[PDB]
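Asker: Encoded as structure tokens, here's the structure I'll be asking about.
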Amino acid sequence: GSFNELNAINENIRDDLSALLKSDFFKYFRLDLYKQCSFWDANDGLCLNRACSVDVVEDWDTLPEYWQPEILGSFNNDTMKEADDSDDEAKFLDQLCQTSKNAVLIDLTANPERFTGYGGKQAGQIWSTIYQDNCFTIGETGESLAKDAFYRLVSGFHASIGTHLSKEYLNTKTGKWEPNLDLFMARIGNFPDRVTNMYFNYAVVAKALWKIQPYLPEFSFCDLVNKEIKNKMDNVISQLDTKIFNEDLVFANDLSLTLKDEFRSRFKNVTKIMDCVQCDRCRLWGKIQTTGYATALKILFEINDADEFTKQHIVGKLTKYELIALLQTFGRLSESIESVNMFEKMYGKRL
Ligand SMILES: Cc1cc2nc3c(=O)[nH]c(=O)nc-3n(C[C@H](O)[C@H](O)[C@H](O)COP(=O)(O)OP(=O)(O)OC[C@H]3O[C@@H](n4cnc5c(N)ncnc54)[C@H](O)[C@@H]3O)c2cc1C
Ligand SMILES: CCN1C(=O)CCC1=O
């Protein structure tokens, strides 16, 4: 139901958000070179044999080398620049401009989240782990809800990826990246709740962005390149305003104090397992999108029972790294929400 509203919000906002997410400020993300998957130790089953790491959609053998998952889900060298202190990604928003007197940068706009062929049992297990580490301390005041929230979140993040991989599928025949209505239906379409969870997430990440807007410092005016950027982001955050934001989508007002952090743990601990993803491009976004939600949560759980002086520390002293993650995640969510509609039509003009 409440859908429709987000669909309008998403429409009057898509053009500007994209142009924003392409800006120099938001077009690069810092990614750790070496990946340490702590899970392939005292073995549980994590399949690394290429046979079980590929979605059995296309018949890969019957395809060229340069079309194998190994290539579809790999960055494009030429783009990724060196990561030092120049990418203030580590700084806090409150310290980007003067108020008074082991990794690299991946060009995001160049490595869009799409169908890479990655899947199979390896991918199945990953997802499976995340859904399973949904177990907070019982007895706590909010036990249940925390998981219905957590689960819901992941589930959307899951659909978010699925949608993207269907809107940007590869025509194994013509060799043109195009939408795949059938696949969209098999993964998302025929499962009402999955489409609903993406909307859920959109409302969370949007409400998170909204909540902090009033506190975003003047972080970009001083950078000769991205001047407008801060203001151009306010502009967006504003058109977002909704009645939905009155719901406590993430049970902030009902969750335990200790319990909350626990909820945050599962996430930095998901964003971690993201190193067990052998596909390079899937890992990238799984690490952005996950840090995204993790940040959305930090924002919501704290702005909650906080005064003005506090809402200051919080937002201002939040890393550029996190703001890219957040907005970038809202970017995926924005397009997933839209590809849904763009598919209901495609499905409509079926007969
Ligand atoms: C972090 C991560 C990032 C990935 N990124 C990409 C990518 O960018 N591009 C690409 O082509 N592939 C990507 N994949 C792979 C993709 O998510 C699938 O696993 C894959 O396409 C193979 O699909 P499948 O049908 O085997 O299982 P999936 O469709 O993953 O199914 C896993 C199982 O979970 C259930 N399930 C599916 N969706 C949901 C949901 N939303 N909520 C609750 N349950 C669900 C299914 O019923 C099934 O039991 C990624 C995997 C991980 C773990
Ligand atoms: C079997 C259910 N469960 C998990 O999935 C992890 C902790 C727990 O008790």
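Just remember, in the structure tokens the first chain shown is A, the second B, etc., residues are 1-based per chain, and ligands are 1-based in the order shown.
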Can you check which residues of segment 85-323 of chain A DSSP gives as strand (DSSP E) on the backbone and send them as an MDAnalysis selection string?
Answerer: chainID A and resid 103:107 169:170 177:178
Asker: Can I get the selected residues back with N, CA and C atoms, as a short mmCIF file (atom, residue, chain, number, x, y, z; two decimals), in the first residue's frame?
Answerer:
```cif
data_model
loop_
_atom_site.label_atom_id
_atom_site.label_comp_id
_atom_site.auth_asym_id
_atom_site.auth_seq_id
_atom_site.Cartn_x
_atom_site.Cartn_y
_atom_site.Cartn_z
N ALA A 103 44.68 -0.74 0.96
CA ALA A 103 43.58 -0.85 0.01
C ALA A 103 43.59 0.19 -1.11
N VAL A 104 42.50 0.24 -1.89
CA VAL A 104 42.38 1.17 -3.02
C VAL A 104 40.98 1.75 -3.25
N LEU A 105 40.89 2.69 -4.19
CA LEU A 105 39.63 3.33 -4.55
C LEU A 105 39.08 2.74 -5.84
N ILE A 106 37.87 2.19 -5.78
CA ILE A 106 37.24 1.60 -6.95
C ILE A 106 36.25 2.61 -7.54
N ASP A 107 36.46 3.00 -8.80
CA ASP A 107 35.56 3.94 -9.46
C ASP A 107 34.21 3.23 -9.52
N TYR A 169 20.86 -7.78 -17.07
CA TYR A 169 21.23 -9.15 -17.41
C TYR A 169 21.96 -9.15 -18.73
N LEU A 170 22.64 -10.25 -19.02
CA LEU A 170 23.38 -10.35 -20.27
C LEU A 170 22.76 -11.31 -21.28
N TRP A 177 23.52 -5.97 -22.98
CA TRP A 177 23.00 -6.00 -21.62
C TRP A 177 21.59 -5.45 -21.69
N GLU A 178 20.64 -6.28 -21.28
CA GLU A 178 19.24 -5.90 -21.34
C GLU A 178 18.47 -6.53 -20.19
#
```
Asker: Taking only residues of chain A that have an atom at most 7 Å from an atom of ligand 1, what is each one's shortest atom pair and its distance in Å to one decimal, using only C-alpha atoms and all ligand atoms, in chain and number order, as a tab-separated table?
Answerer:
```
residue	atom	partner	partner_atom_place_in_ligand_line	distance
A:55	CA	ligand 1	22 (C)	4.8
A:113	CA	ligand 1	8 (O)	5.1
A:114	CA	ligand 1	8 (O)	5.0
A:115	CA	ligand 1	11 (O)	3.6
A:116	CA	ligand 1	11 (O)	4.1
A:117	CA	ligand 1	11 (O)	4.4
A:118	CA	ligand 1	12 (N)	4.5
A:119	CA	ligand 1	20 (C)	3.7
A:120	CA	ligand 1	26 (O)	4.9
A:121	CA	ligand 1	26 (O)	6.7
A:123	CA	ligand 1	53 (C)	4.4
A:124	CA	ligand 1	32 (C)	4.9
A:126	CA	ligand 1	53 (C)	4.7
A:127	CA	ligand 1	53 (C)	4.8
A:128	CA	ligand 1	34 (O)	6.9
A:155	CA	ligand 1	42 (N)	3.9
A:156	CA	ligand 1	41 (N)	5.6
A:158	CA	ligand 1	41 (N)	4.3
A:159	CA	ligand 1	41 (N)	4.0
A:161	CA	ligand 1	8 (O)	5.9
A:162	CA	ligand 1	17 (O)	6.1
A:165	CA	ligand 1	11 (O)	5.3
A:187	CA	ligand 1	29 (O)	5.9
A:194	CA	ligand 1	41 (N)	5.1
A:274	CA	ligand 1	1 (C)	5.8
A:277	CA	ligand 1	53 (C)	6.4
A:281	CA	ligand 1	8 (O)	6.4
A:282	CA	ligand 1	5 (N)	3.9
A:283	CA	ligand 1	3 (C)	5.9
A:286	CA	ligand 1	1 (C)	4.5
```
Asker: Output C-alpha atoms for every residue in that selection, as an mmCIF file, in the first residue's frame.
Answerer:
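Everything below was put into result-v8.cif:
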```
data_model
loop_
_atom_site.group_PDB
_atom_site.id
_atom_site.type_symbol
_atom_site.label_atom_id
_atom_site.label_comp_id
_atom_site.auth_asym_id
_atom_site.auth_seq_id
_atom_site.Cartn_x
_atom_site.Cartn_y
_atom_site.Cartn_z
ATOM 1 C CA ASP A 55 24.840 -19.603 -11.131
ATOM 2 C CA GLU A 113 26.260 -3.795 -9.732
ATOM 3 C CA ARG A 114 25.018 -6.266 -12.349
ATOM 4 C CA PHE A 115 24.615 -9.879 -13.450
ATOM 5 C CA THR A 116 28.005 -11.496 -13.043
ATOM 6 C CA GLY A 117 27.035 -15.133 -13.121
ATOM 7 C CA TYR A 118 28.246 -15.546 -9.555
ATOM 8 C CA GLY A 119 25.972 -17.835 -7.581
ATOM 9 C CA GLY A 120 25.836 -21.582 -7.049
ATOM 10 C CA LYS A 121 26.397 -23.280 -3.714
ATOM 11 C CA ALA A 123 26.781 -17.915 -2.944
ATOM 12 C CA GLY A 124 23.960 -19.935 -1.455
ATOM 13 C CA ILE A 126 27.008 -17.024 2.157
ATOM 14 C CA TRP A 127 23.389 -15.834 2.148
ATOM 15 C CA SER A 128 22.491 -18.793 4.256
ATOM 16 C CA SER A 155 15.997 -10.010 2.746
ATOM 17 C CA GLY A 156 15.674 -6.638 1.004
ATOM 18 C CA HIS A 158 19.071 -9.774 -1.034
ATOM 19 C CA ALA A 159 16.203 -8.766 -3.356
ATOM 20 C CA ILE A 161 20.824 -7.518 -5.631
ATOM 21 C CA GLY A 162 18.464 -9.897 -7.401
ATOM 22 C CA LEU A 165 21.013 -8.580 -11.751
ATOM 23 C CA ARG A 187 13.710 -14.352 -8.030
ATOM 24 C CA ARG A 194 10.640 -9.815 -1.276
ATOM 25 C CA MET A 274 31.645 -10.292 2.504
ATOM 26 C CA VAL A 277 32.619 -13.716 -1.889
ATOM 27 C CA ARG A 281 32.255 -7.011 -8.155
ATOM 28 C CA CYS A 282 29.674 -8.783 -5.976
ATOM 29 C CA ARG A 283 32.019 -8.409 -3.027
ATOM 30 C CA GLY A 286 28.012 -6.434 -0.854
#
```
Asker: What does the structure give for the distance between atom CA of residue 56 of chain A and atom CA of residue 133 of chain A, in Å to one decimal?
Answerer: 26.7 Å
Asker: Taking only C-alpha atoms into account, produce a table as a tab-separated table in which each residue of segment 171-241 of chain A with an atom at most 7 Å from an atom of segment 327-338 of chain A appears once, together with its shortest atom pair and the distance in Å to one decimal, ordered by chain and rising number.
Answerer:
```
residue	atom	partner	partner_atom	distance
A:198	CA	A:333	CA	6.9
A:199	CA	A:337	CA	6.8
A:202	CA	A:333	CA	5.7
A:205	CA	A:330	CA	6.0
A:206	CA	A:330	CA	6.9
```
Asker: Residues contacting ligand 2 - anything with an atom at most 7 Å away, using only C-alpha atoms and all ligand atoms - can you give me those as a ChimeraX atom specification?
Answerer: /A:132-135
Asker: Output N, CA and C atoms for every residue in that selection, as a PDB file, in the first residue's frame.
Answerer:
```pdb
ATOM      1  N   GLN A 132      21.187 -16.947   9.033  1.00  0.00           N
ATOM      2  CA  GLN A 132      21.305 -17.769  10.245  1.00  0.00           C
ATOM      3  C   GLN A 132      21.906 -17.073  11.467  1.00  0.00           C
ATOM      4  N   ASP A 133      22.833 -16.129  11.268  1.00  0.00           N
ATOM      5  CA  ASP A 133      23.438 -15.406  12.397  1.00  0.00           C
ATOM      6  C   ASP A 133      22.446 -14.356  12.928  1.00  0.00           C
ATOM      7  N   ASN A 134      21.157 -14.606  12.695  1.00  0.00           N
ATOM      8  CA  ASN A 134      20.082 -13.743  13.181  1.00  0.00           C
ATOM      9  C   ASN A 134      19.641 -14.433  14.463  1.00  0.00           C
ATOM     10  N   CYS A 135      20.333 -14.122  15.550  1.00  0.00           N
ATOM     11  CA  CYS A 135      20.037 -14.723  16.835  1.00  0.00           C
ATOM     12  C   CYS A 135      20.615 -13.821  17.912  1.00  0.00           C
TER      13      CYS A 135
END
```
Asker: Which one is closest to residue 153 of chain A: A:275, A:193, A:182, A:65? Count only C-alpha atoms.
Answerer: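 Going through A:275, A:193, A:182, A:65 one by one, the smallest distance to residue 153 of chain A is for A:193.
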Asker: If we count only C-alpha atoms, what is near residue 88 of chain A at a cut-off of 12 Å, once residues fewer than 2 positions away on the same chain are taken out, given as a VMD selection string?
Answerer: chain A and resid 24 to 26 28 to 30 83 to 86 90 to 97 105 219 to 220 223 319 to 324
Asker: What is the distance, in Å and to one decimal place, between atom CA of residue 7 of chain A and atom CA of residue 196 of chain A?
Answerer: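 Atom CA of residue 196 of chain A lies 12.3 Å from atom CA of residue 7 of chain A.
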Asker: Point out the residue among A:175, A:37, A:108, A:125 with the least atom-to-atom distance to residue 66 of chain A, counting only C-alpha atoms.
Answerer: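 Closest residue, counting only C-alpha atoms: A:175.
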Asker: To one decimal place in Å, what is the distance between atom CA of residue 231 of chain A and atom CA of residue 218 of chain A?
Answerer: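 The value is 8.5 Å.
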Asker: Would you kindly return, as a PDB file with N, CA, C and O atoms, in the first residue's frame, each protein, DNA or RNA residue with an atom no farther than 8 Å from any atom of residue 136 of chain A, considering only C-alpha atoms and excluding same-chain residues fewer than 6 positions away?
Answerer:
```pdb
ATOM      1  N   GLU A 143      13.681  -8.938  21.903  1.00  0.00           N
ATOM      2  CA  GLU A 143      14.206 -10.150  21.294  1.00  0.00           C
ATOM      3  C   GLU A 143      13.598 -10.373  19.918  1.00  0.00           C
ATOM      4  O   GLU A 143      14.257 -10.150  18.906  1.00  0.00           O
ATOM      5  N   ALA A 146      13.779  -7.537  17.021  1.00  0.00           N
ATOM      6  CA  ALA A 146      15.109  -7.333  16.495  1.00  0.00           C
ATOM      7  C   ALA A 146      15.338  -8.243  15.282  1.00  0.00           C
ATOM      8  O   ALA A 146      15.854  -7.804  14.257  1.00  0.00           O
ATOM      9  N   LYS A 147      14.938  -9.504  15.376  1.00  0.00           N
ATOM     10  CA  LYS A 147      15.150 -10.399  14.251  1.00  0.00           C
ATOM     11  C   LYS A 147      14.213 -10.108  13.072  1.00  0.00           C
ATOM     12  O   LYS A 147      14.637 -10.162  11.920  1.00  0.00           O
ATOM     13  N   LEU A 259      20.792  -4.660  23.486  1.00  0.00           N
ATOM     14  CA  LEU A 259      20.242  -5.320  22.312  1.00  0.00           C
ATOM     15  C   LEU A 259      20.587  -4.604  21.015  1.00  0.00           C
ATOM     16  O   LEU A 259      20.979  -5.241  20.039  1.00  0.00           O
ATOM     17  N   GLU A 262      24.007  -5.113  19.630  1.00  0.00           N
ATOM     18  CA  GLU A 262      24.035  -6.490  19.158  1.00  0.00           C
ATOM     19  C   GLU A 262      23.579  -6.516  17.695  1.00  0.00           C
ATOM     20  O   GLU A 262      24.165  -7.199  16.848  1.00  0.00           O
ATOM     21  N   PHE A 263      22.527  -5.750  17.421  1.00  0.00           N
ATOM     22  CA  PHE A 263      21.943  -5.621  16.088  1.00  0.00           C
ATOM     23  C   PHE A 263      23.001  -5.036  15.155  1.00  0.00           C
ATOM     24  O   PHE A 263      23.106  -5.425  13.997  1.00  0.00           O
TER      25      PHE A 263
END
```
Asker: So that I can check the secondary structure, give me every residue of segment 2-59 of chain A assigned helix (DSSP H, G or I) by backbone DSSP, as JSON, numbers by chain.
Answerer: {"A": [3, 4, 5, 6, 7, 8, 9, 10, 11, 12, 13, 14, 15, 16, 17, 18, 19, 20, 21, 50, 51, 52]}
Asker: Taking only C-alpha atoms into account, name the residue in A:168, A:11, A:280, A:78 that is nearest to residue 31 of chain A.
Answerer: A:280
Asker: Which neighbours of residue 247 of chain A fall inside 12 Å, counting only C-alpha atoms, when residues of the same chain fewer than 3 positions from it are skipped, and could you give them as a list in words?
Answerer: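 Close residues of residue 247 of chain A: residues 2, 200, 203, 204, 207, 242, 243, 244, 250, 251, 252, 253 and 254 of chain A.
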Asker: Next, dump the selected residues to file, keeping only C-alpha atoms, as an mmCIF file, in the first residue's frame.
Answerer:
```
data_model
loop_
_atom_site.group_PDB
_atom_site.id
_atom_site.type_symbol
_atom_site.label_atom_id
_atom_site.label_comp_id
_atom_site.auth_asym_id
_atom_site.auth_seq_id
_atom_site.Cartn_x
_atom_site.Cartn_y
_atom_site.Cartn_z
ATOM 1 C CA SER A 2 2.247 2.777 1.319
ATOM 2 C CA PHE A 200 11.090 -1.604 3.667
ATOM 3 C CA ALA A 203 12.095 3.582 3.805
ATOM 4 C CA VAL A 204 14.816 2.850 6.343
ATOM 5 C CA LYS A 207 14.454 7.952 6.880
ATOM 6 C CA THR A 242 6.937 11.291 4.099
ATOM 7 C CA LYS A 243 4.310 10.150 6.607
ATOM 8 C CA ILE A 244 5.975 6.746 6.649
ATOM 9 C CA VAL A 250 13.566 -0.401 12.968
ATOM 10 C CA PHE A 251 12.031 -0.626 16.464
ATOM 11 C CA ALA A 252 14.371 2.037 17.899
ATOM 12 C CA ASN A 253 11.826 3.073 20.551
ATOM 13 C CA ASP A 254 11.049 -0.540 21.495
#
```
Asker: Can you tell me, as a list in words, what residues are no more than 12 Å from residue 272 of chain A when counting only C-alpha atoms, ignoring any on the same chain fewer than 6 positions away?
Answerer: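 The neighbour list is residues 32, 35, 36, 37, 38, 39, 126, 129, 130, 265, 266, 283, 284, 286, 287, 288, 290, 291 and 294 of chain A.
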Asker: List the neighbours of residue 109 of chain A out to 9 Å using only C-alpha atoms; skip same-chain residues closer than 6 positions along the sequence, and give me the result as a PDB file with C-alpha atoms, in the first residue's frame.
Answerer:
```pdb
ATOM      1  CA  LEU A  21      26.006   9.627  -6.927  1.00  0.00           C
ATOM      2  CA  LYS A  22      28.122  10.297 -10.010  1.00  0.00           C
ATOM      3  CA  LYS A  27      31.937   8.247  -7.220  1.00  0.00           C
ATOM      4  CA  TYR A  28      34.757   6.457  -5.403  1.00  0.00           C
TER       5      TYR A  28
END
```
